[PDB]
């Protein structure tokens, strides 16, 4: 029987979450650039950087959330195209470093906003998240209007300009995260797996202009098979060697899989990316259900530990006592809806039922601690984007279908030894 006291259906709940989370990128875009704000605080207080700072990677997630919105008629095609034109216009004029983008710009100036003294140039991980988004928009518009196709061409030129091979630091068989015109290679961070950065290696192999040999992946990312290290965490099998420990924060299951489709995905180092990321999600869920630190509210209907704002600032929360600060981040469980739908939907209903303190005007706020009575009315692009995109991927497979249709992406996957058997 229908009633005001009966719960939203899953579909109406997901619709509502998607509309609001889309509105984060649509209504709360930085007005000058059109890009995703790194952070947005309903309380108006910004102790560690303002809302005018725009994030390259977060904007990549956001443009995918916006694609989802165009496809559902949240906004018109025409409105959608005008936004894409604005975003691409900014990218064509903002600071770039060997065709890669910085982590942050000031949206009002187009100039790099450093994090700390030496990280004032290119960030290739962020570039990779931006490009994963941009290549999906290219495919959405490849057979569109003359105007949409024009925009797609401008994206293809940005894509072509990224010099992935530069970031090998003199032709080494690995990718470095950063490069600065001023400080060069001093950040010195070669990127080895497993962590959130797979899509970087895949896009580097995919580039039809400044692409890298397969050796860069096999030796650099996978370290000649060292990336394979089967072990159990919370009684659950993980196949991969996780950087810095036995597992990691849940976003590692998510960022590189917004456009790259994990379903039926395999390569030399993993017989199913889907199964691995599902199990990572289940390790996270299991730690929260066990709740060894006796935090309030953890359980089957409330789990999900990842990097986010935290009671004492910002922390890389994860399913290990050391990393558990009593803070649940909605993006963790919700962005894993593709891997664990029933379980992620249980969390989504339960969080929605907490009301205003957790579910705000642009969707779920970043993080909360029931134990600490800590409920910030604050958002981050990088936590918001994956909720909208992964809900869509579960519902229609939109972003996967678009990304995976890109002929360069296909060639990069073939070159690295990936196969898809669904």
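Positions refer to the first chain, counted from 1.
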property	result
Of 76-84 and 179-187, the one with larger mean CA B-factor	179-187
Mean C-alpha temperature factor, higher of 109-117 and 228-236	109-117
Out of 258, 316, 347, 136, residue topping the C-alpha B-factor column of the entry	316
Position of residue 132 among the chain's modelled residues by C-alpha B-factor, lowest, middle or highest third	middle
Modelled-residue ranking by C-alpha temperature factor, third containing residue 156	middle
Third of chain Cα B-factors occupied by residue 102	middle
Chain third (lowest, middle, highest) by recorded CA B-factor, residue given as residue 286	lowest
B-factor third for the C-alpha atom of residue 210 within its chain	middle
